[PDB]
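Heads up, the thing below is written out as structure tokens.
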Amino acid sequence: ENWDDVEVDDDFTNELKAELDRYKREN
Amino acid sequence: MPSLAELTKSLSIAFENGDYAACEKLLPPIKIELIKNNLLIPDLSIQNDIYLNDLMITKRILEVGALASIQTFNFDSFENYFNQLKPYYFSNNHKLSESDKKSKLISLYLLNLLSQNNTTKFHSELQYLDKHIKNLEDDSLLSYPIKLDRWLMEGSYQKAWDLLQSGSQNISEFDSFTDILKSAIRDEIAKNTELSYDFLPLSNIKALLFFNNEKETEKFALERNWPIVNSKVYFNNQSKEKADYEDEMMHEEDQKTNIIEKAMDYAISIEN
Amino acid sequence: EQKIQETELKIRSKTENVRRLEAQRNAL
Amino acid sequence: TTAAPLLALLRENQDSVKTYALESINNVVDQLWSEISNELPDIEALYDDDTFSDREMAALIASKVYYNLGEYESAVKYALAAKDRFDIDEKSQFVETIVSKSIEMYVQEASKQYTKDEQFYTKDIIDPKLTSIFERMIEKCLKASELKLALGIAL
Amino acid sequence: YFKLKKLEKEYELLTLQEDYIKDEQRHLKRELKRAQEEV
Amino acid sequence: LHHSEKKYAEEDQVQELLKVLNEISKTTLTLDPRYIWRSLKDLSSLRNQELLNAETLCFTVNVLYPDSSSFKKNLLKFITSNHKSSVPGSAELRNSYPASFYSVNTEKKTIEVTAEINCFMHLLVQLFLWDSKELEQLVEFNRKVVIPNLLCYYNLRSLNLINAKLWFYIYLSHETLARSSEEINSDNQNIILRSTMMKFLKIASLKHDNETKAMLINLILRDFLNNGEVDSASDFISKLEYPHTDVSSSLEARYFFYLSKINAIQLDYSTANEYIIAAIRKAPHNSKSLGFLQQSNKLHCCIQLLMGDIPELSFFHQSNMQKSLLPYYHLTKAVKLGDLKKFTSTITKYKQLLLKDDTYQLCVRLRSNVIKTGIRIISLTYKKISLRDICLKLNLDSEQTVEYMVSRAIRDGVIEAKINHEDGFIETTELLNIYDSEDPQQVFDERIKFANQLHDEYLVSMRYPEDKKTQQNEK
């Protein structure tokens with residue numbers, strides 16, 4: 001549980017789906 | 001306190017009229033009367049006294065002598081009268097002492113520890129006081145050296161230098177320590193530009209040192225022996241002879257010889 | 001008896017080393 | 001409670017102030033000896049002053065600097081200048097040590113110098129401050145009617 | 001005084017037995033070389 | 001009913017007293033009474049609750065009373081005692097026997113029994129006081145008597161361990177009195193107590209008793225924390241009179257616990273980090289030591305956060321004490337992430353809890369540590385980063401502010417980088433590749449010193465208990 005389970009993650013949830021926005025528009 | 005039946009309390013009268021030179025000559029005869037006085041040092045013979053000539057004559061005289069060294073710029077005298085009046089505040093805890101000069105002399109002592117860069121007594125007494133919240137935050141006298149030392153090691157000189165120049169309380173009582181405190185910062189600034197900068201222009205260093213002229217920056221360059229090239233100040237990062245103390249630990253040249261000696265000595269002790 | 005009290009600690013540590021090194025010597 | 005207020009009065013020149021500052025240290029010892037070690041070189045400097053007449057009481061406290069520090073070698077040296085200020089029959093913790101410590105120093109300076117001359121106790125070869133204290137314990141043992149401790153220490 | 005000096009001589013007797021064993025333990029290793037190799 | 005109750009508990013007390021009486025009478029053995037006194041504290045705590053207070057009344061009747069005539073009456077006066085006809089002169093366990101403290105030779109004063117009695121008498125007094133939790137006049141009455149009694153006795157080798165545990169009750173009863181009610185008399189009462197500690201410590205310095213000085217140093221260093229004098233603590237630890245040999249493991253953990261808090265104000269955590277770790281390894285894991293393990297772990301998390309390095313994260317969840325370690329997790333999270341507003345609201349809710357352990361002052365200094373740690377994190381991510389790129393992350397004030405905070409971080413050799421203002425970016429001067437330097441050789445030398453250190457102590461610890469089996473006759 002070193003540097004993993006203690007702070008969990010709390011990221012890459014709604015920001016992962018938001019990446020496809022700039023991919024399907026600017027391109 | 002007004003002097004009536006004795007000249008011992010006359011020190012406070014001459015303090016408001018100036019002439020601090022004559023006030024120092026009247027100190028020896030005042031300390032003589034305190035010798036025969038048994039109420040100078042607190043003991044079990046004192047129960048309740050709300051009048052003067054018990055704790056009032058002892059504190060009032062030392063408060064005038066401590067502030068007299070501030071106007072005359074004497075640090076050695078401040079380390080005496082304050083350290084003499086310090087045990088008179090409390091033996092362990094005393095809640096009946098309330099005065100305007102008590103919080104001022106304690107604040108001036110914290111600025112004196114930062115002047116000589118004392119990390120022993122400055123970081124200690126903060127937890128030894130009665131109020132660790134109201135007196136260390138709401139009170140601007142005790143929180144003045146705290147915000148300076150916290151912002152000194154933080155690295156931000158923009159909001160830290162404002163308290164040493166444009167501050168409210170640095171005019172009269174805190175001005176005596178502003179000379180060394182601002183000198184202790186520029187001494188660290190000179191040492192920071194050596195490691196983190198090979199060369200720097202004279203225009204950008206003018207804002208960091210808070211100088212109004214370019215010749216003022218070059219004045220400390222000749223005293224500290226700074227290599228000077230065109231429109232720049234060169235730093236060669238010159239060190240001293242060896243390092244620190246404790247011989248044969250990270251000190252002299254050829255440390256590998258002592259390392260070999262450490263392998264030979266402790267190997268024989270295995271059989272012993 | 002101040003001099004005896006300073007050397008009073010020698011009645012044990014010196015006795016132990018004789019007993020500790022006895023079986024260690026008797027082993028060899 | 002710190003030793004700063006009592007030891008800061010010795011930096012000026014006064015006859016009364018230097019007396020009151022030293023006498024206050026003799027009253028409170030076990031509490032204040034922590035900060036005296038830093039002021040030790042300033043206190044011992046007054047011993048060479050001819051105008052300073054309290055050196056008898058000052059050397060008694062200066063000997064307590066190393067005595068409370070745990071070093072008894074230097075505690076007996078500075079305690080020899082007290083003269084009449086050095087108590088004998090008090091039988092306190094300071095008396096039962098320095099006197100007994102002076103006995104050990106009296107033996108070390110005896111057998112080493114006994115080869116050259118046996119009369120050193122009469123002459124100035126040995127410090128008479130140690131001999132005077134050594135003779136006071138002899139008369140103390142004679143009052144107890146014990147010939148083993150009186151005659152045995154002289155052997 | 002007589003019994004006080006008796007304790008000082010007992011410390012030397014413990015030293016005589018302590019210093020000899022420390023020297024003997026190192027000399028026993030020399031006798032082991034003359035033993036296992038000869039037999 | 002009450003007659004048979006006093007004979008049962010007193011016989012068990014005399015049975016344990018006669019065991020240590022013959023052990024000290026033959027030559028000198030200082031470890032025999034010590035093993036019984038360890039269990040005596042636990043057995044007496046449960047025994048004092050049973051059969052009320054009537055077990056210690058006849059104990060004073062049995063042995064002769066030097067000082068104890070009026071001490072038992074004043075102890076029973078506060079509770080408004082009833083008269084059961086317990087007046088001395090009824091129960092007699094002596095009956096003229098040699099091990100019974102024969103009376104005729106004692107009354108004629110031809111023999112001295114006071115040494116092994118009066119010294120043991122003060123031990124049973126402090127045990128009953130801690131069970132009933134008595135305060136005010138009863139605390140000062142006992143302390144005033146014991147001090148002249150200890151100065152009258154010569155404090156022999158076996159006598160130094162009798163009062164060694166009495167100092168712990170003197171300091172404990174005085175601190176609980178000040179926290180319960182504060183007055184002007186409690187301040188002057190501690191002045192005499194400070195002088196008594198130094199007078200007895202000087203006497204014990206000649207005997208070099210290991211357990212006696214171990215209890216004093218723990219009480220003297222703790223008294224300096226309430227008194228607030230560093231010069232008294234700094235000069236005290238400079239002599240290094242604390243023996244590491246025969247002192248108990250519980251007394252060792254308390255010694256290293258003070259050095260961590262003393263070195264914490266000197267801004268040198270190199271030595272303080274080892275003392276807080278060694279104090280945990282020397283502290284038992286039982287329930288009675290949980291109070292020390294709780295306070296020691298609270299200081300350990302604060303030391304690492306003040307060093308600019310994040311401690312072990314799994315230490316919180318693996319332990320079962322994390323209920324009180326929850327505030328320290330939000331402190332580490334606020335410093336690592338670098339949020340300025342999160343740190344202000346973190347110490348606000350728990351501000352009330354941080355006042356008890358006096359760790360709130362160390363939490364105030366964590367305000368600067370948020371930036372000190374944030375610079376080290378962003379420096380490892382980007383070796384070359386522009387000036388305005390850092391302010392867009394931590395939301396700092398201006399560009400000149402972030403430029404001058406990096407030069408302060410390299411003062412202690414943390415970042416080890418340089419700032420180029422002409423080019424406009426900060427470059428890291430650390431190329432690693434330390435395998436070609438001599439720096440790892442200095443650390444490897446200490447590992448050999450640590451390995452051979454336990455080798456010499458291994459022969460001392462293992463061989464010592466085998467000394468007694470050689471002299472004792474075996475089948």
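Lettering and numbering for the structure tokens are positional, with chains as A, B, ... in the shown order, residues counted from 1 in each chain, and ligands counted from 1 in the shown order.
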Would you return as a PyMOL selection string the members of chain D that DSSP assigns to helix (DSSP H, G or I) on this structure's backbone?
chain D and resi 4-11+15-27+33-48+55-69+75-81+83-85+95-114+128-143+147-153
Please identify all polymer residues within 9 Å of region 64-76 of chain D, counting only C-alpha atoms, omitting same-chain residues fewer than 2 positions from it, and present them as a PyMOL selection string.
(chain D and resi 29-30+33-34+36-37+40+59-62+78-80+94+97-99+101-102+105) or (chain F and resi 202+205+239)
Selection to disk with N, CA and C atoms, as a PDB file, in the first residue's frame:
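part_18.pdb, freshly written:
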```pdb
ATOM      1  N   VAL D  29      22.354  27.420  44.622  1.00  0.00           N
ATOM      2  CA  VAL D  29      23.466  26.805  43.906  1.00  0.00           C
ATOM      3  C   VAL D  29      22.939  25.734  42.959  1.00  0.00           C
ATOM      4  N   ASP D  30      22.311  24.700  43.525  1.00  0.00           N
ATOM      5  CA  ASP D  30      21.858  23.553  42.743  1.00  0.00           C
ATOM      6  C   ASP D  30      20.917  23.936  41.605  1.00  0.00           C
ATOM      7  N   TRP D  33      23.503  26.485  38.717  1.00  0.00           N
ATOM      8  CA  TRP D  33      24.817  26.121  38.191  1.00  0.00           C
ATOM      9  C   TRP D  33      24.789  25.756  36.713  1.00  0.00           C
ATOM     10  N   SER D  34      23.609  25.681  36.096  1.00  0.00           N
ATOM     11  CA  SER D  34      23.536  25.345  34.677  1.00  0.00           C
ATOM     12  C   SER D  34      24.093  26.472  33.813  1.00  0.00           C
ATOM     13  N   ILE D  36      25.993  29.013  34.965  1.00  0.00           N
ATOM     14  CA  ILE D  36      27.255  29.551  35.463  1.00  0.00           C
ATOM     15  C   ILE D  36      28.422  29.068  34.610  1.00  0.00           C
ATOM     16  N   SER D  37      28.294  27.888  33.995  1.00  0.00           N
ATOM     17  CA  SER D  37      29.373  27.358  33.166  1.00  0.00           C
ATOM     18  C   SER D  37      29.699  28.284  32.002  1.00  0.00           C
ATOM     19  N   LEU D  40      31.541  31.145  33.601  1.00  0.00           N
ATOM     20  CA  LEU D  40      32.700  30.727  34.386  1.00  0.00           C
ATOM     21  C   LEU D  40      33.953  31.550  34.105  1.00  0.00           C
ATOM     22  N   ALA D  59      35.928  32.057  45.137  1.00  0.00           N
ATOM     23  CA  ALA D  59      36.581  30.785  44.844  1.00  0.00           C
ATOM     24  C   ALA D  59      35.789  29.607  45.397  1.00  0.00           C
ATOM     25  N   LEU D  60      35.009  29.829  46.458  1.00  0.00           N
ATOM     26  CA  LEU D  60      34.172  28.761  46.993  1.00  0.00           C
ATOM     27  C   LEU D  60      33.062  28.394  46.016  1.00  0.00           C
ATOM     28  N   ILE D  61      32.473  29.392  45.356  1.00  0.00           N
ATOM     29  CA  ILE D  61      31.440  29.123  44.364  1.00  0.00           C
ATOM     30  C   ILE D  61      32.059  28.662  43.050  1.00  0.00           C
ATOM     31  N   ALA D  62      33.204  29.241  42.674  1.00  0.00           N
ATOM     32  CA  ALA D  62      33.876  28.827  41.446  1.00  0.00           C
ATOM     33  C   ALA D  62      34.292  27.364  41.501  1.00  0.00           C
ATOM     34  N   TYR D  78      40.092  24.974  42.989  1.00  0.00           N
ATOM     35  CA  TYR D  78      39.529  26.292  43.252  1.00  0.00           C
ATOM     36  C   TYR D  78      38.952  26.425  44.655  1.00  0.00           C
ATOM     37  N   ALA D  79      38.774  25.319  45.377  1.00  0.00           N
ATOM     38  CA  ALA D  79      38.244  25.374  46.734  1.00  0.00           C
ATOM     39  C   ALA D  79      39.310  25.682  47.776  1.00  0.00           C
ATOM     40  N   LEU D  80      40.581  25.747  47.382  1.00  0.00           N
ATOM     41  CA  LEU D  80      41.664  25.996  48.323  1.00  0.00           C
ATOM     42  C   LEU D  80      41.887  27.476  48.605  1.00  0.00           C
ATOM     43  N   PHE D  94      28.825  19.052  50.084  1.00  0.00           N
ATOM     44  CA  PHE D  94      30.011  19.682  49.518  1.00  0.00           C
ATOM     45  C   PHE D  94      31.237  19.483  50.399  1.00  0.00           C
ATOM     46  N   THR D  97      32.867  15.734  50.359  1.00  0.00           N
ATOM     47  CA  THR D  97      33.475  15.350  49.089  1.00  0.00           C
ATOM     48  C   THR D  97      34.822  16.033  48.874  1.00  0.00           C
ATOM     49  N   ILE D  98      34.827  17.368  48.806  1.00  0.00           N
ATOM     50  CA  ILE D  98      36.056  18.110  48.527  1.00  0.00           C
ATOM     51  C   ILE D  98      37.133  17.783  49.553  1.00  0.00           C
ATOM     52  N   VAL D  99      36.746  17.633  50.822  1.00  0.00           N
ATOM     53  CA  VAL D  99      37.713  17.245  51.848  1.00  0.00           C
ATOM     54  C   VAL D  99      38.249  15.847  51.566  1.00  0.00           C
ATOM     55  N   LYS D 101      38.160  14.450  48.634  1.00  0.00           N
ATOM     56  CA  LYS D 101      38.891  14.558  47.376  1.00  0.00           C
ATOM     57  C   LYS D 101      40.280  15.142  47.587  1.00  0.00           C
ATOM     58  N   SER D 102      40.422  16.074  48.534  1.00  0.00           N
ATOM     59  CA  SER D 102      41.740  16.622  48.840  1.00  0.00           C
ATOM     60  C   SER D 102      42.652  15.572  49.459  1.00  0.00           C
ATOM     61  N   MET D 105      44.167  13.821  46.526  1.00  0.00           N
ATOM     62  CA  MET D 105      45.185  14.691  45.948  1.00  0.00           C
ATOM     63  C   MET D 105      46.402  14.804  46.856  1.00  0.00           C
TER      64      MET D 105
ATOM     65  N   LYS F 202      23.028  14.651  42.698  1.00  0.00           N
ATOM     66  CA  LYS F 202      24.457  14.739  42.977  1.00  0.00           C
ATOM     67  C   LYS F 202      24.911  13.606  43.888  1.00  0.00           C
ATOM     68  N   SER F 205      25.154  10.364  41.975  1.00  0.00           N
ATOM     69  CA  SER F 205      26.222  10.331  40.983  1.00  0.00           C
ATOM     70  C   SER F 205      27.438   9.567  41.491  1.00  0.00           C
ATOM     71  N   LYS F 239      26.462  16.111  29.766  1.00  0.00           N
ATOM     72  CA  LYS F 239      27.326  15.269  30.587  1.00  0.00           C
ATOM     73  C   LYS F 239      27.237  13.804  30.175  1.00  0.00           C
TER      74      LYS F 239
END
```
Chain F residues near chain A (9 Å cut-off, only C-alpha atoms) as a list in words
residues 312, 313, 314, 316, 317 and 333 of chain F
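The closest residue to residue 11 (chain C), picked from E:39, E:21, E:27, E:12 and counting only C-alpha atoms, is E:12.
Compared by their closest atoms to chain F, and using only C-alpha atoms, the residues B:8, B:258, B:230, B:183 rank with B:258 nearest.
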Write down, as an MDAnalysis selection string, each residue of chain C that has any atom within 8 Å of an atom of chain E, counting only C-alpha atoms.
chainID C and resid 1 4 10:11 14:15 17:18 21:22 25 28
Chain B residues near chain D within 10 Å, closest pair each, using only C-alpha atoms, as CSV:
```
residue,atom,partner,partner_atom,distance
B:28,CA,D:14,CA,7.7
B:29,CA,D:14,CA,9.7
B:31,CA,D:17,CA,7.4
B:32,CA,D:16,CA,6.7
B:33,CA,D:16,CA,9.9
B:34,CA,D:17,CA,9.6
B:35,CA,D:20,CA,6.6
B:36,CA,D:20,CA,9.3
B:77,CA,D:8,CA,9.5
B:79,CA,D:8,CA,8.8
B:80,CA,D:8,CA,5.9
B:81,CA,D:5,CA,7.7
B:82,CA,D:5,CA,8.6
B:83,CA,D:5,CA,5.7
B:84,CA,D:5,CA,4.0
B:85,CA,D:5,CA,7.5
B:86,CA,D:5,CA,8.3
B:87,CA,D:1,CA,5.8
B:88,CA,D:1,CA,9.2
B:90,CA,D:1,CA,9.0
B:91,CA,D:1,CA,6.8
B:92,CA,D:1,CA,8.7
```
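Rounded to one decimal, CA of residue 365 (chain F) and CA of residue 306 (chain F) lie 8.1 Å from each other.
If you look at CA of residue 23 (chain E) and CA of residue 455 (chain F), they are 20.3 Å away from each other.
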Distance filter 9 Å, only C-alpha atoms, chain D against chain E, as a ChimeraX atom specification
/D:148-149,152-153
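CA of residue 456 (chain F) to CA of residue 469 (chain F) spans 22.1 Å [interatomic distance, one decimal].
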List every residue of chain F that has an atom at most 8 Å from any atom of chain B, and for each one report the closest atom pair and its distance in Å to one decimal, counting only C-alpha atoms, with rows sorted by chain and then by increasing residue number, as a Markdown table.
```
| residue | atom | partner | partner_atom | distance |
| --- | --- | --- | --- | --- |
| F:187 | CA | B:92 | CA | 5.5 |
| F:188 | CA | B:91 | CA | 7.4 |
| F:226 | CA | B:128 | CA | 7.4 |
| F:227 | CA | B:92 | CA | 6.9 |
| F:228 | CA | B:128 | CA | 5.5 |
| F:230 | CA | B:121 | CA | 7.2 |
| F:265 | CA | B:123 | CA | 5.4 |
| F:266 | CA | B:120 | CA | 5.6 |
| F:267 | CA | B:119 | CA | 7.2 |
| F:358 | CA | B:127 | CA | 7.2 |
| F:361 | CA | B:127 | CA | 7.0 |
| F:365 | CA | B:150 | CA | 7.0 |
| F:368 | CA | B:154 | CA | 5.4 |
| F:369 | CA | B:154 | CA | 7.9 |
| F:371 | CA | B:154 | CA | 7.6 |
| F:372 | CA | B:154 | CA | 7.4 |
| F:401 | CA | B:156 | CA | 5.3 |
| F:402 | CA | B:156 | CA | 7.5 |
| F:404 | CA | B:155 | CA | 5.6 |
| F:405 | CA | B:155 | CA | 3.8 |
| F:406 | CA | B:155 | CA | 7.2 |
| F:407 | CA | B:192 | CA | 5.8 |
| F:408 | CA | B:155 | CA | 5.6 |
| F:411 | CA | B:192 | CA | 7.7 |
| F:417 | CA | B:196 | CA | 7.0 |
| F:418 | CA | B:196 | CA | 4.3 |
| F:419 | CA | B:196 | CA | 5.3 |
| F:420 | CA | B:197 | CA | 6.6 |
| F:421 | CA | B:200 | CA | 7.8 |
| F:438 | CA | B:256 | CA | 7.9 |
| F:441 | CA | B:259 | CA | 7.6 |
| F:442 | CA | B:259 | CA | 7.5 |
| F:445 | CA | B:262 | CA | 6.8 |
| F:448 | CA | B:266 | CA | 7.4 |
| F:449 | CA | B:266 | CA | 7.0 |
| F:452 | CA | B:270 | CA | 6.7 |
| F:455 | CA | B:270 | CA | 7.5 |
```
At a cut-off of 9 Å, using only C-alpha atoms, what residues contact residue 302 (chain F)? Leave out same-chain residues fewer than 2 positions from it and give the result as a ChimeraX atom specification.
/F:297-300,304-307,328,359,362-363
Could you dump the residues just selected with N, CA and C atoms as a PDB file, in the first residue's frame?
```pdb
ATOM      1  N   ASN F 297       4.055   8.235  18.225  1.00  0.00           N
ATOM      2  CA  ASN F 297       3.712   8.231  16.807  1.00  0.00           C
ATOM      3  C   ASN F 297       3.189   9.587  16.351  1.00  0.00           C
ATOM      4  N   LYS F 298       2.612  10.370  17.264  1.00  0.00           N
ATOM      5  CA  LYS F 298       2.154  11.707  16.901  1.00  0.00           C
ATOM      6  C   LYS F 298       3.322  12.636  16.602  1.00  0.00           C
ATOM      7  N   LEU F 299       4.447  12.458  17.298  1.00  0.00           N
ATOM      8  CA  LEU F 299       5.628  13.270  17.032  1.00  0.00           C
ATOM      9  C   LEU F 299       6.382  12.791  15.798  1.00  0.00           C
ATOM     10  N   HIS F 300       6.339  11.487  15.512  1.00  0.00           N
ATOM     11  CA  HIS F 300       7.062  10.952  14.362  1.00  0.00           C
ATOM     12  C   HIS F 300       6.532  11.531  13.055  1.00  0.00           C
ATOM     13  N   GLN F 304       8.860  14.283  10.092  1.00  0.00           N
ATOM     14  CA  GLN F 304       9.099  14.088   8.665  1.00  0.00           C
ATOM     15  C   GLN F 304       8.528  15.238   7.842  1.00  0.00           C
ATOM     16  N   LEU F 305       7.358  15.752   8.228  1.00  0.00           N
ATOM     17  CA  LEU F 305       6.754  16.850   7.479  1.00  0.00           C
ATOM     18  C   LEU F 305       7.574  18.129   7.592  1.00  0.00           C
ATOM     19  N   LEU F 306       8.341  18.282   8.672  1.00  0.00           N
ATOM     20  CA  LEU F 306       9.208  19.440   8.833  1.00  0.00           C
ATOM     21  C   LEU F 306      10.555  19.273   8.142  1.00  0.00           C
ATOM     22  N   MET F 307      10.850  18.088   7.613  1.00  0.00           N
ATOM     23  CA  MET F 307      12.089  17.838   6.890  1.00  0.00           C
ATOM     24  C   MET F 307      11.941  18.002   5.384  1.00  0.00           C
ATOM     25  N   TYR F 328      -3.350  14.087  11.169  1.00  0.00           N
ATOM     26  CA  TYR F 328      -2.025  14.159  10.564  1.00  0.00           C
ATOM     27  C   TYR F 328      -2.035  13.768   9.093  1.00  0.00           C
ATOM     28  N   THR F 359       1.253  20.485  19.714  1.00  0.00           N
ATOM     29  CA  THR F 359       1.800  20.338  18.372  1.00  0.00           C
ATOM     30  C   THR F 359       1.258  21.375  17.400  1.00  0.00           C
ATOM     31  N   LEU F 362       3.997  23.561  15.735  1.00  0.00           N
ATOM     32  CA  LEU F 362       4.681  22.910  14.624  1.00  0.00           C
ATOM     33  C   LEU F 362       3.806  22.871  13.378  1.00  0.00           C
ATOM     34  N   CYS F 363       2.484  22.924  13.550  1.00  0.00           N
ATOM     35  CA  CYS F 363       1.581  22.956  12.407  1.00  0.00           C
ATOM     36  C   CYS F 363       1.532  24.334  11.759  1.00  0.00           C
TER      37      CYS F 363
END
```
Sorted by chain and rising residue number, list the residues of region 44-111 of chain D at most 12 Å from region 148-151 of chain F (counting only C-alpha atoms), each with its closest atom pair and distance in Å to one decimal, as JSON lines.
```
{"residue": "D:91", "atom": "CA", "partner": "F:151", "partner_atom": "CA", "distance": 11.7}
{"residue": "D:92", "atom": "CA", "partner": "F:151", "partner_atom": "CA", "distance": 9.9}
{"residue": "D:93", "atom": "CA", "partner": "F:151", "partner_atom": "CA", "distance": 9.6}
```
Nearby residues (only C-alpha atoms) at most 10 Å from residue 241 (chain F), same-chain spacing under 3 positions excluded, as JSON, numbers by chain
{"D": [70], "F": [205, 208, 210, 213, 214, 217, 236, 237, 238, 244]}
Dump of C-alpha atoms for the selected residues, as a PDB file, in the first residue's frame:
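After the write, again.pdb holds the following:
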```
ATOM      1  CA  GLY D  70      30.787  16.046  37.880  1.00  0.00           C
TER       2      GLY D  70
ATOM      3  CA  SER F 205      26.222  10.331  40.983  1.00  0.00           C
ATOM      4  CA  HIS F 208      26.423   5.307  39.865  1.00  0.00           C
ATOM      5  CA  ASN F 210      21.640   2.605  36.957  1.00  0.00           C
ATOM      6  CA  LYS F 213      19.531   7.930  37.614  1.00  0.00           C
ATOM      7  CA  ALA F 214      17.267   6.501  34.900  1.00  0.00           C
ATOM      8  CA  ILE F 217      16.654  11.941  34.116  1.00  0.00           C
ATOM      9  CA  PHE F 236      22.069  18.512  31.498  1.00  0.00           C
ATOM     10  CA  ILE F 237      22.315  16.219  28.454  1.00  0.00           C
ATOM     11  CA  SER F 238      25.887  17.352  27.730  1.00  0.00           C
ATOM     12  CA  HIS F 244      22.618   2.018  28.820  1.00  0.00           C
TER      13      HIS F 244
END
```
Taking only C-alpha atoms into account, which of F:289, F:232, F:22, F:453 comes nearest chain D?
F:232
I need the strand (DSSP E or B) residues of region 284-430 of chain F per DSSP on the backbone, written as number ranges by chain.
F: 384-386, 417-420, 425-428
Could you dump the residues just selected with C-alpha atoms as a short mmCIF file (atom, residue, chain, number, x, y, z; two decimals), in the first residue's frame?
```cif
data_model
loop_
_atom_site.label_atom_id
_atom_site.label_comp_id
_atom_site.auth_asym_id
_atom_site.auth_seq_id
_atom_site.Cartn_x
_atom_site.Cartn_y
_atom_site.Cartn_z
CA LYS F 384 14.00 22.89 -17.22
CA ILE F 385 10.86 24.92 -16.49
CA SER F 386 10.04 28.53 -17.30
CA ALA F 417 19.80 23.42 -9.00
CA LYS F 418 20.57 26.79 -10.60
CA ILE F 419 18.43 29.67 -11.85
CA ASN F 420 19.26 31.29 -15.19
CA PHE F 425 14.28 28.88 -17.09
CA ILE F 426 15.53 26.99 -14.04
CA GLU F 427 17.91 24.09 -14.77
CA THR F 428 18.64 21.23 -12.38
#
```
